[PDB]
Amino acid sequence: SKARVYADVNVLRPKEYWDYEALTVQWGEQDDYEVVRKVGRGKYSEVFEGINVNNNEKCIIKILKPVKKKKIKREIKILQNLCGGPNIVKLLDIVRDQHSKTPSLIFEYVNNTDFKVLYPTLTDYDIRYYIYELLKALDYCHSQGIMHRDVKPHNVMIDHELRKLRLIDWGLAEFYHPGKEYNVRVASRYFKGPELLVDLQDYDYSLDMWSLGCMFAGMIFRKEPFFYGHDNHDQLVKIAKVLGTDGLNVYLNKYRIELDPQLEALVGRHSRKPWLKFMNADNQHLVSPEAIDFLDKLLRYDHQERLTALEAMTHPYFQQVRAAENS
């Protein structure tokens, strides 16, 4: 498998562009930025709102827990390569505690509202609008040779008042290289694509489109998360139960993938459940035939058959968003 678009971005660029192991960090000055309060955490960091002491601006300060040299230069390089693209988080500075050497990444401040409280108040139009904004970022980073590989609500910050959105947390992102084989322990479980669940290692950009489809399904059907498996074998069952097992078998054989004896036994046999079987009282104001057509074109086992970010921004599901813009 090779990507149907942008396949050659890193092939034509100077090696310094993608050879992140050759980066040397220009360290800024730790004292320019003071932590004000904690706002987030994860496996690999703590995240604080802070202040720039020179100008009195807000910022966000992301302190990293101990990380390999290699891993951390990948994140920074990708962040620098993409600074200035539409809806991509802006890295402002990189700094370190002198005594302990702990690195901190400094970012623009976004004034966010948690997805779990925000989404259930979003209108049909708002849903269209923010997915579109999110699609801008996706097309941008794919156009520059990068997969994000961790799309999900927790990683998309939104200031509902300014109607702005940024894609965050580039910790798991990689450069795309034609034919390169990749680690499948990426994305978070509810947003992992079939290719990862079955060990096809030569994935591309299209993985981020499955995750988006997951995020989308969850938003229109009011069902967080949409595919709810307890572990990686359960995640694939939970997909096969909606998409049906016929599609799976064609996928496997197309790419000649032997499934695992036990997994195959878990997955079983299941027919296709139509998208409309998920509509209910709480959700029918958000589910329309354009929403479903769009969703259907994102969630395909075959990664080569999903829409590109660039083809999705033009589906008629987003027509009114496009016309607000052109004016």
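Heads up, when I say rigid core I mean the largest set of C-alphas that superpose within 1.5 Å between the two forms. A residue's number is simply how far along the shown sequence it sits, counting from 1.
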| Between 158-166 and 92-100, which one strays more from this form in 4 other deposited structures of this protein if you match the rigid core and compare Cα atoms? | 92-100
| task | Higher average CA B factor in the deposited record is what I'm after, so tell me if that's 55-63 or 260-268. | result | 260-268
| Looking at the deposited entry, does 291-299 or 30-38 carry the larger mean Cα B-factor? | 30-38
| Based on what the PDB entry reports, which of 224, 108, 75, 133 has the top C-alpha B-factor? | 224
| remark: Tertile call for residue 255 (CA temperature factor, within chain, third-based) is the highest
| Looking at the C-alpha B-factor of residue 128, is it in the lowest, middle or highest third of its chain? | lowest
| Comparing residue 24 with the other modelled residues of its chain, is its CA B-factor in the lowest, middle or highest third? | highest
| query | How does residue 313 rank on Cα B-factor within its chain, lowest, middle or highest third? | reply | lowest
| remark: residue 247: C-alpha B-factor third of its chain, per the entry, is the highest
